[PDB]
Number of protein chains: 2
Amino acid sequence: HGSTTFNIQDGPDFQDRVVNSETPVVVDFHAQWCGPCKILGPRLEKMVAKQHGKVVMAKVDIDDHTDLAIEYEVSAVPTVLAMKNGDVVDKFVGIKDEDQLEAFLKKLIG
Amino acid sequence: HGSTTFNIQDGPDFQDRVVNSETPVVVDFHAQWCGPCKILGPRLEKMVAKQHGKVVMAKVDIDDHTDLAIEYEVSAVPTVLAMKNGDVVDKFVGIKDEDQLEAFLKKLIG
C-alpha cells in the first residue's frame, strides 16, 4: 500500500482504501471506451502524486466494478468524487484542466 | 433462436447476429448504472417486437462488452446504432419518445 494512486481491486479494497481512508480521497470512475478519461486520468494522477500523501486517488474501472457505479450513482464517465471520512464532499463530471484540478484539490485538502 | 429482441452474449454472437444479419438491426448499448436506459430500453424493445421480424434488436451491456464500445466508438450510454449489411447507417444518444422511435425505425426499415 505504498502508492498514493492505485486501481481499486474489489469491494473490500474500496472499503479499506476509500470509506476507511485516513486521508482525503479523489475517486476516479473511468472506462477503456471513454476518450476524455485518457486525458483526465493521467492529469489528475500526476497532480495527486505531487501532493505526497496529503490526498490519494482511487481509480475505479466502471466495467470491472459495476457495483461501485451503482452504489455511487455514477451516470456518466469521467466522474470524480472527493471523499473524506466516508462521506462524498464534492463532485465533478467530465474533463477539467490543470488550474481547475488544483482548485478542486486545494478545496478538499485545505 | 426465435426472438427479434436478444442480449449479445460475446464477440462471435455479435458477428453472427448483427454483422451478418439479413434484416436491419438496432444495437442498444446500455448499462445497469444508467437511469435513462431503464426508460429507453423497454420502450425500444416493445416497438421492435411490434414489427414482427422486419427489424432485430441486439442489446449490448457495455460493462460486459468493452471491445464492442471501443470498436463502435460508443462514448456514453444509451447509444443506439442502426445497422444494415455490416455497416452503421444511423445513430442516436439518449432517450427518445415513441414518435421519434417510430421515425428512426421507419427510416431504417422503409
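Heavy-atom basis, side chains included; hydrogens, waters and symmetry copies ignored. The sequence lines fix the lettering, A, B, ..., with proteins before strands; numbering per chain opens at 1.
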Does [X] reach the side chain of [Y], with side-chain heavy atoms less than 4.5 Å apart?
X: B/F6; Y: B/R17; value: yes
X: B/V27; Y: B/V60; value: yes
X: B/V26; Y: B/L105; value: yes
X: B/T4; Y: B/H52; value: no
X: B/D61; Y: B/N7; value: no

Calculate, to the nearest 0.5 Å, the distance between atoms [atom1] and [atom2] belonging to [X] and [Y] respectively.
X: B/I62; Y: B/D67; atom1: CD1; atom2: CG; value: 12.0 Å
X: B/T5; Y: B/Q51; atom1: OG1; atom2: CD; value: 13.0 Å
X: A/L68; Y: A/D13; atom1: CG; atom2: CG; value: 9.5 Å
X: B/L44; Y: B/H30; atom1: CG; atom2: NE2; value: 11.5 Å
X: A/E102; Y: A/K107; atom1: CD; atom2: NZ; value: 11.5 Å
X: A/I70; Y: B/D63; atom1: CD1; atom2: CG; value: 8.0 Å

**Request:** Start with the C-alpha gap between A/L101 and A/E98, add the side-chain angles, then the distance that decides, and say whether side chain to side chain contact (heavy atoms under 4.5 Å, CB included) holds.
**Result:** CA-CA 5 Å; A/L101 292 174; A/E98 284 174 352; 5.6 Å; no
Of all heavy-atom pairs between [X] and [Y], which one has the smallest distance, and what is that distance?
X: A/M57; Y: A/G41; answer: CE-O, 3.6 Å
X: A/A31; Y: A/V77; answer: CB-CG2, 4.3 Å
X: B/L40; Y: B/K96; answer: CD1-N, 3.5 Å
X: A/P42; Y: A/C37; answer: CD-O, 4.1 Å
X: A/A76; Y: A/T79; answer: O-OG1, 2.6 Å
X: B/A58; Y: B/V18; answer: CB-CG2, 3.8 Å

**Item:** Pair B/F104-B/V80, side chain to side chain contact (heavy atoms under 4.5 Å, CB included): steps then yes or no
**Value:** CA-CA 10 Å; B/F104 189 76; B/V80 171; 3.8 Å; yes
**Request:** Verify the neighbour count for atom CD of B/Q100: are there more than 12 heavy atoms of other residues, nucleotides or ligands below 6.0 Å?
**Result:**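 Correct, the count exceeds 12.
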**Prompt:** Pairs in or reaching into residues 42-60 of chain A: which pass salt bridge (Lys or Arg N to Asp or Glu O under 4.0 Å), with residues at least two apart or in two chains?
**Reply:**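 Output for this query lists A/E45-A/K59.
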Within one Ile-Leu-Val-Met-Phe-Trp-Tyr cluster: [X] and [Y], side-chain cutoff 4.5 Å:
X: B/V25; Y: B/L108; result: no
X: B/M47; Y: B/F92; result: yes
X: B/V56; Y: B/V88; result: yes
X: A/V93; Y: A/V74; result: no

**Prompt:** Are any side-chain N or O atoms of A/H65 and backbone N or O atoms of A/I8, one a donor and one an acceptor, separated by less than 3.5 Å?
**Reply:**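 Between the backbone of A/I8 and the side chain of A/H65 there is a qualifying donor-acceptor contact (under 3.5 Å).
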**Request:** Quick one: do A/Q15 and A/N20 satisfy side chain to side chain contact (heavy atoms under 4.5 Å, CB included)? Show the steps, please.
**Result:** CA-CA 6 Å; A/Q15 180 72 16; A/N20 300 331; 4.1 Å; yes
**Asked** After noting the C-alpha distance and the side-chain angles of B/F29 and A/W33, does the key distance pass the side chain to side chain contact (heavy atoms under 4.5 Å, CB included) rule?
**Response** CA-CA 12 Å; B/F29 288 91; A/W33 45 262; over 6 Å; no
